[PDB]
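Q: Keeping their order, the protein sequence lines are chains A, B, C, D, E and F.
For the first sequence, my numbering begins at -19 and goes up steadily by one.
For the second sequence, my numbering begins at 287 and goes up steadily by one.
For the third sequence, my numbering begins at 5 and goes up steadily by one.
For the fourth sequence, my numbering begins at 736 and goes up steadily by one.
For the fifth sequence, my numbering begins at 1290 and goes up steadily by one.
For the sixth sequence, my numbering begins at 155 and goes up steadily by one.
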Amino acid sequence: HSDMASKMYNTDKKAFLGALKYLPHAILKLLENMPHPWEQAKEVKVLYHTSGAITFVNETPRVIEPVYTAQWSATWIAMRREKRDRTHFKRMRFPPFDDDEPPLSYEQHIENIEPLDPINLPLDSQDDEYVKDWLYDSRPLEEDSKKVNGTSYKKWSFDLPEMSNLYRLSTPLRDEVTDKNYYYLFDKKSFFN
Amino acid sequence: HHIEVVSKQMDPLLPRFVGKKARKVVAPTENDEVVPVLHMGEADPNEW
Amino acid sequence: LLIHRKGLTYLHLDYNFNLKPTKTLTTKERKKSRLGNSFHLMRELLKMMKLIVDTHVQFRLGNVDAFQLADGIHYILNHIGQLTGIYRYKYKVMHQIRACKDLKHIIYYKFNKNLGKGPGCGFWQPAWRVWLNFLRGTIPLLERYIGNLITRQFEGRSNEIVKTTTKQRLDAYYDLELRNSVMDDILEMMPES
Amino acid sequence: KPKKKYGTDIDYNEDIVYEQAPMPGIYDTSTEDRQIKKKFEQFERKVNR
Amino acid sequence: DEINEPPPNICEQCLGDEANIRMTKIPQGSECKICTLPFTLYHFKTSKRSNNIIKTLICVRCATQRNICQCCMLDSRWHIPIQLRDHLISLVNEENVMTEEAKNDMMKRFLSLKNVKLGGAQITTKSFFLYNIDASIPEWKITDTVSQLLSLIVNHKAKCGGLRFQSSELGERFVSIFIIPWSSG
Amino acid sequence: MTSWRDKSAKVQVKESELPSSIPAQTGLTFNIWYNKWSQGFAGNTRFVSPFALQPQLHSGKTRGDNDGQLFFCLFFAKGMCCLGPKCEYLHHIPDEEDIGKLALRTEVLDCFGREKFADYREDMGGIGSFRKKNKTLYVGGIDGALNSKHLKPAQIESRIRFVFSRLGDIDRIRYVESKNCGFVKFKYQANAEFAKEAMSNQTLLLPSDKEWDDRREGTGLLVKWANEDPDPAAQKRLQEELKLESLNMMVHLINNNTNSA
RNA sequence: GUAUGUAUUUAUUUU
RNA sequence: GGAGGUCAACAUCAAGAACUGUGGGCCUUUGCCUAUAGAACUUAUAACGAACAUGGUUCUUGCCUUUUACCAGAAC
RNA sequence: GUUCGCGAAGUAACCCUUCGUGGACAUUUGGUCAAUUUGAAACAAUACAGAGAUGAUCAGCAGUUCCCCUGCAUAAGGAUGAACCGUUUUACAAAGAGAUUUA
Ligand SMILES: [Mg+2]
Ligand SMILES: [Mg+2]
Ligand SMILES: [Mg+2]
Ligand SMILES: [Zn+2]
Ligand SMILES: [Zn+2]
Ligand SMILES: [Zn+2]
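(1) Measuring only the C-alpha atoms, how far is F:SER332 from F:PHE201?
(2) Could you pull out every residue in the same chain whose Cβ sits closer than 6 Å to the Cβ of F:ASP252, ignoring the five residues on either side in sequence?
(3) Could you check if C:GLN72 is buried or exposed, using at least 16 other CB atoms within 10 Å of its CB as the buried criterion?
(4) Rounded to whole angstroms, how far is the Cβ of E:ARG1338 from the Cβ of B:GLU290, which I believe are closer than 8 Å?
(5) Give, in chain order, every unbroken run of the alpha helix (DSSP H) that is at least 4 residues long and sits entirely within the region 313 to 359 of chain F.
(6) Using 7 Å as the cut-off, classify the Cβ of E:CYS1361 as near or not near the heavy atoms of ligand 5, replying yes or no.
(7) So, with DSSP's three-state summary, where would you put C:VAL97?
(8) Using a Cβ-Cβ cut-off of less than 8 Å, list which residues of the region 185 to 197 of chain C approach chain A; keep chain order.
(9) Taking F:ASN301 and F:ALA380 to be in contact with their CB atoms under 8 Å, please state how far apart those CB atoms are, rounded to whole angstroms.
(10) For A:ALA54, which residues of its own chain have a beta-carbon under 7 Å away from its beta-carbon, when the five flanking residues on both sides are left out?
(11) By the three-class DSSP mapping on this structure, what secondary structure does C:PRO25 have?
(12) Got a sec? Which residues, its chain only, sit under 7 Å from F:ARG370 by beta carbon, not counting five neighbours each side?
(13) Quick one: give me the first and last residue of the beta strand (DSSP E) that E:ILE1442 is part of.
(14) Who are the neighbours of C:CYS125 on chain A, taking C-beta pairs under 8 Å?
(15) Helix, strand or coil, according to DSSP, for C:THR30 in the structure here?
(16) For A:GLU39 versus A:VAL24, is the C-beta spacing smaller than 8 Å?
(17) Closer than 8 Å between beta carbons: that is the criterion. Which residues of the region 1412 to 1430 of chain E meet it against chain F?
(18) Terminal residues of the continuous alpha helix (DSSP H) containing E:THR1353?
(19) Indicate, with yes or no, if ligand 5 has a heavy atom lying under 7 Å from the CB of E:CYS1358.
(20) For D:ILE751, tell me which candidate among E:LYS1397, E:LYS1403, E:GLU1384 and E:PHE1417 has the shortest Cα-Cα distance.
(21) Can the beta-carbon of F:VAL338 be found less than 8 Å from the beta-carbon of F:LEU291?
(22) Tell me whether the beta-carbon of A:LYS63 lies closer than 8 Å to the beta-carbon of C:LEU153.
(23) For A:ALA(-5), go through chain B and note every residue whose CB falls closer than 9 Å to its CB, in chain order.
(24) Can you pull the chain F neighbours of C:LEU5, defined as C-beta to C-beta under 8 Å?
(25) Closer than 8 Å, Cβ to any Cβ of chain C: which residues of the region 64 to 76 of chain A, in chain order?
(26) From F:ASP325 to F:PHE284, what does the alpha carbon distance come to, in whole angstroms?
(27) In chain A, which residues lie with their C-beta within 7 Å of the C-beta of F:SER175?
(28) How is F:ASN411 classed by DSSP in three states: helix, strand or coil?
(29) Is F:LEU211 a contact residue of ligand 4, with contact defined as CB to any heavy atom under 7 Å?
(30) Would you kindly report the start and end of the unbroken beta strand (DSSP E) that includes F:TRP379?
(31) Between the region 1452 to 1467 of chain E and the region 172 to 192 of chain F, can you find at least three pairs of beta-carbon atoms closer than 8 Å?
(32) Count the other CB atoms within 10 Å of the CB of C:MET52; is the residue buried (16 or more) or exposed (fewer)?
(33) Just jot down, in chain order, the residues whose CB lies closer than 6 Å to any heavy atom of ligand 6.
(34) Is the number of C-beta pairs between the region 36 to 50 of chain A and the region 133 to 147 of chain A that are closer than 8 Å three or more?
(35) Within its chain, find whatever has a CB closer than 7 Å to the CB of A:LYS(-7); leave out the 5 residues flanking it on each side and keep chain order.
(36) Is any beta-carbon of chain E found at less than 8 Å from that of D:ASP763?
Have a look at this one:
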C-alpha cells in the first residue's frame, strides 16, 4: 500500500484519512516505548490496521521503581566517566538526514547490521553479585517465580541483600536527606501560605 | 420469507454514515385544508 | 493523501516534513492553500517523532555509538525550541521549552560538577517525561481539531452557519432590531392596511 | 446551455420549477385541460412553421 | 429515528424463495438514485450461498410515491416496469397518466418530499438478393427463420436483402416475401 | 455449444503485460488521490486500445460458470482480463438464455454488474439509465479507420457490420453519410451493453491493411447511446412495438389477476 | 504594485 | 484441580468520617428506635496516580492596530 | 487427523502390526467495493478587462440568497467575499360636460 496508484485502493485511501484523527495517539504510544540507553534492541506489540492504515505500539512500560533508579544510576555514572575520559566527543549533527533521503526500510538495510553495544557498566563480581545477573535485561524479570509476580509483570517482591545493593548503586540519584525537620518552609503548605 | 436484521459493524477508520453529507433542500409545504381567517377609509385617512 | 485530496499538488512534503511550494504561487492558489493550525501543528508533531527515531535509525546501522546516541536524543528533547518550530501553532507549548530549558540546567550542574565544560551527556529522562505529558495534553484536542478537518473534507462544511453577536458587529444588530421594533408599533397604529 | 455555477444550479426551462398541484376541488375541471393541450400543442405546433 | 420507521418495501419475487433470511441495516446508506438523499440500505444475499448481494436503490419516501419494490423497481403488485404499467393504464381510460420527473437537481430533491404518489401509483459469397423486406421485422427474425428451416448483409433503406453463405450445399438445401436469384460471378 | 459451452476459456493478457497504470502526461505532477495529472492544459487523452476481444477464439468456460455467477467480465469484454478461467465474472458472448437469467434484474443494472443511473449523461455516456430501455447505439468518430477512406461508405458498412455483427443478435445498422455515425440496434439490452463496453476506442480492417501497423495511434471510435429518431416512420414503428407488447402482457395480468379473480 | 470576473467544443445523434 | 496471561466482559471507587444485610419495637412504604452479622479497594501533612497535561464559560489582569494564538490568578 | 471400541488376519499369548467397520472429537469465510479512456477534483495558460458607497481616494460593520471558499471554530478573513444596482398599469369609483343609438 506504499505505492498506491490504482482503483483498488480507493477504499484504503479513504481509510487513510480516517486514521489521521488517531495518529497523535500512536505517537504517544510509540514514544513512551523508547528502548532507553541500556537496551540494545527492543521488541514491542503493535496493533496494526489491516489496510496499512496505522500501527499503534501497544504495551506500556512497567519498570519497578527502585530497580529503575538503579538502572539510571548506572548509566548516569558511566556517562560522567565517559565524558571525562575521551578527548574529542562529537555531538551528532541535526537533523540526522537531509530531505532528499527517503528513510530506508527495515527489512533490508537494518536487520543485517547487528547492534553495536550499549552503555551497561562494569559493575563487579563482588559488590554487586546479587544484582549483576539480571539488572540489564530489557525488562528486568519477565519471570522470577518468587521475585516478581509473573509475565504480566506487576507486584515485584524483593529481598534485603538485593535491595541493599540497589540502595548502594542508586546513591547518585537519591534524595539522601532523611530528616523531615529539614524541609521547614519548603513543604507544600508553606508554599500555599 | 421471515427475516433478521443485523447491523453491520463498521471499519472504525472509514467514514461512518458513508452517505451522510451536507446539502440543502427546500421543501414542499403540503396540505389539503385551509385556515379561514375570520374577523368581525372615510374619516381616518385624514389622520393617518 | 490529505493534501493531494485538497487538490494542492504544488505543495511538497519532503521526508523531514517541511512544506514547501514548488511553484511560485498565484494568489488564488495561496488562499485555497492556507493550511490548518491543526494540520501544521500535526506536521510538526510528526517531524519530532521522525527526528528522534531517525537518530535511532542511525545507531542501529552502527554509525554513531551508544554514547553519542544518548547525547543526541538528549540534545533533541532540549533544543526542540529550534529543531521544529511547533511553537508557532500552539504557543502554549512554550511552557515546555521553558520547562525543558530548566531541567537542562539542573541535570548539568549536578553532572558537570568536577568534570569538563563539554558536550558529553546522557541523562535524558526528565525531558522525556515532560514532552510525554505535554503530548497527553493534546491528544483529545487533536482528535477534535482534525476530526473536524476530515469531516469537512468529506461532507462539506455546515450549510446553515448562523453566527453570534460579538465585539465588532454589535451595532448593526442593536440598530437592526431597534428599527424592527419600531415597525411593529408604527405598523399597528395605522388603522388598516 | 450556459454551464453551471454552483453545482446544484437550476435550469429553469427544463422542468416546472416548484410544482404546486393547484388544489383538490369539487368542480371537476378535467375537461378544460383538453382545451388547454389543444391550444398549447396548437400554439407551439404553429411556431415551428 | 423515523427513517427506520416506514419499513422496507420489498419484492416477494426477487426477494428469493427461502424460508428465513438475514439482511443488514446500515443507517445512512447510499443516496437514492432518484431523490439524491440519504437513506437506510439493506444488503442481502438472497439465499445464504449466493454469489451476489442485493442492494436497495431508493428511499421509502421515494419508493412509496411510485409504489415500486426498492430492489426490483418493478411495480409491487403487477411485476412490471413503470413505463409499461402507466402505459397500460394510459390505454384503458384513454389518454393520461405519465409521471413527468425531475431534471435539474433540487427540483428532483424537492419534488421527492410531497406525498401525492404518482400516476402509476394513483390507482395501485453466392450473392442472394431477396426483396420485399418488411421495414420493422429484424434480422434476428430473418436468419431466425433460416436457421429454423435449416451469413447476411441486409440494407433496410432500399429494402434489399443482400445475402451470402458458406457452401452452395446450402444453395441446394437452402432452396431444396422472397426474390430468389442465386447470383454470383 | 461446441464453441463456448465446450472448452474452458483462456487468458488473454499475462498480468505482467497488463497495461501501465498512472495515466501519462497531460500535465506536470501526478495527484495521488485521484489518478490524473495536475496542471496545464492539453488536448484530452483518449487512445485506441492496444487490445480487443476475439469473440469465438478466447471465449469459453470459466469459473463463474461452474459456480453460477451472472454478470459478464468486462475486462473480458475487452479481452483484457488476465485471470484466465479463474475469473469469476463470466467470459463470453451473451447467449439468449443467460439473458434468460439476468433479465429478471436487468431493470436496475447492466450485464457487467454495475448500477445504471437515471439521467444518462450530458453526452449520452457510458452506463445505462434505468428509466428507459435503449438498445440502439450511436457510433461516432468513425475516423478510427484512421483517415484512409475505404473506397465505399459501404465498406464502412461492411466493416461495422462485420465487427458488431459478431457479438450476437442484431436488428439493423443504418450508416449515415451526411453526418458520420452509425446507428445500430439489437435484440437484448444485455447484448447492447456488451457490445458497447467492448468496442470503444478501436481501429479497423484486416489483421493488416494499409496503415494497419500504425493502427495503434488512432483516436478510436466512440460508442455511445442513441437518442430518438425524428422521422415519422421509425416512430410510428415504435409505438407499434410497444402496442403489441402491451397486447401480450395483458395476458399475464389476466392470468394472475383472473386467477385471483 | 493588485485581488475579482468572463469565454476557451476536439472526436458529424437518424427526416 | 493448580499455576500463570502486557486476555475479555460486567460491577464498584470521594462520603454524616461516610458501607451493607438481617431480627425486633413504633409511625404509616419511606421514616425513627433497638438487636445482630459481614465489611475487598481508597483516604489524615487526607486519597484511586508519594505521577502530571489539555479544553470551555465567567470575571480580574498582562502584552496592546484587530482576531486566532496568547501573558498569570481566581470560580465553576 | 487424534482418540475410544469392535471384528478379522498376522505377530503373538491378551500383546506389536495391518485391514475393515461403529462412535466421538472438528462444522458455512468475504463483498455498498471488477483492473486507466465512456458515471464526473480543482487550478493553470490564452484572450477580454483590471477594487461599493463620491465629483474623487480609502476604513469599514451589517442585511437577503435554492451561492459558497479558507479556517478547529458559535473566531476572523475571502474586493466591506460574491450575487443585489434591473424591468414596472386594474380592490378602481364618484360628479359634471359634449357626440352617437334607442324605449
Ligand atoms: Mg466578512
Ligand atoms: Mg475596499
Ligand atoms: Mg458582505
Ligand atoms: Zn424486489
Ligand atoms: Zn429518495
Ligand atoms: Zn475475466
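Where a beta carbon is used, it is the ideal one built from N, C-alpha and C, also for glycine.
A: This is what the structure holds:
(1) So the alpha carbons of these two residues sit roughly 26 Å apart.
(2) The answer is none, since no qualifying residue turns up.
(3) Flag for C:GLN72 reads buried.
(4) The distance from the Cβ of E:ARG1338 to that of B:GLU290 is about 17 Å, inconsistent with a contact at the 8 Å cut-off.
(5) Annotation: the region 313 to 359 of chain F contains the following complete segments of the alpha helix (DSSP H) (minimum length 4 residues), in chain order: 343 to 353.
(6) Checking every heavy atom of ligand 5 against the Cβ of E:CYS1361, none is found closer than 7 Å.
(7) Per DSSP, reduced to three states, the secondary structure at C:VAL97 is helical.
(8) Listed in sequence order: no entries.
(9) Their Cβ separation, rounded to whole angstroms, is 25 Å, which puts F:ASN301 and F:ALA380 out of contact at 8 Å.
(10) Closer than 7 Å at Cβ, skipping near neighbours: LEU101 and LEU149.
(11) Note: C:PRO25 maps to strand in three-state DSSP.
(12) Excluding residues up to 5 positions away in sequence, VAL202 and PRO204 lie with their Cβ nearer than 7 Å to the Cβ of F:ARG370 in the same chain.
(13) 1442 to 1444 is the span of the beta strand (DSSP E), which, as asked, contains E:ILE1442.
(14) Going along chain A in sequence order, the residues near C:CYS125 (Cβ under 8 Å) are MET59 and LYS63.
(15) Here DSSP, grouped into helix, strand and coil, assigns C:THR30 to coil.
(16) Here A:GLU39 is near A:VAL24, since their CB atoms are less than 8 Å apart.
(17) Residues passing the 8 Å Cβ filter: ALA1424, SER1425, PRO1427, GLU1428 and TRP1429.
(18) Segment 1351 to 1354, the alpha helix (DSSP H) holding E:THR1353.
(19) Not one heavy atom of ligand 5 falls within 7 Å of the beta-carbon of E:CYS1358.
(20) The option with the nearest alpha carbon to D:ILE751 is E:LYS1397.
(21) Yes, the Cβ-Cβ distance between F:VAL338 and F:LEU291 is below 8 Å.
(22) Not closer than 8 Å, so no.
(23) Neighbours of A:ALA(-5) in chain B, taken as residues whose beta carbon is under 9 Å from its own, are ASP297, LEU299 and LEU300 in chain order.
(24) By Cβ distance, chain F contributes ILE186 and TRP187.
(25) Taking 8 Å as the Cβ-Cβ cut-off against chain C, the residues of the region 64 to 76 of chain A that qualify are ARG64, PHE69, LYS70, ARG71, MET72, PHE74, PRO75 and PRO76.
(26) Cα to Cα, the separation comes out at about 22 Å.
(27) The answer, in chain order, is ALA(-15) and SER(-14).
(28) DSSP places F:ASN411 in the helix class (H, G or I) of the three-state scheme.
(29) For F:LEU211, the CB stays at least 7 Å from every heavy atom of ligand 4.
(30) Per DSSP, the unbroken beta strand (DSSP E) holding F:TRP379 starts and ends at 376 to 379.
(31) The region 172 to 192 of chain F makes no contact with the region 1452 to 1467 of chain E; the number of CB pairs closer than 8 Å stays below 3.
(32) It is buried - the Cβ of C:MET52 has at least 16 other Cβ atoms within 10 Å.
(33) Counting only residues whose CB is nearer than 6 Å to a non-hydrogen atom of ligand 6, the list in chain order is F:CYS227, F:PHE229, F:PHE230, F:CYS235, F:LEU237, F:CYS241, F:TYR243 and F:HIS245.
(34) They touch, by the three-pair rule.
(35) Here the set comprises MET(-16).
(36) In terms of beta-carbon proximity, D:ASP763 stays away from the interface with chain E, with every pair separated by 8 Å or more.
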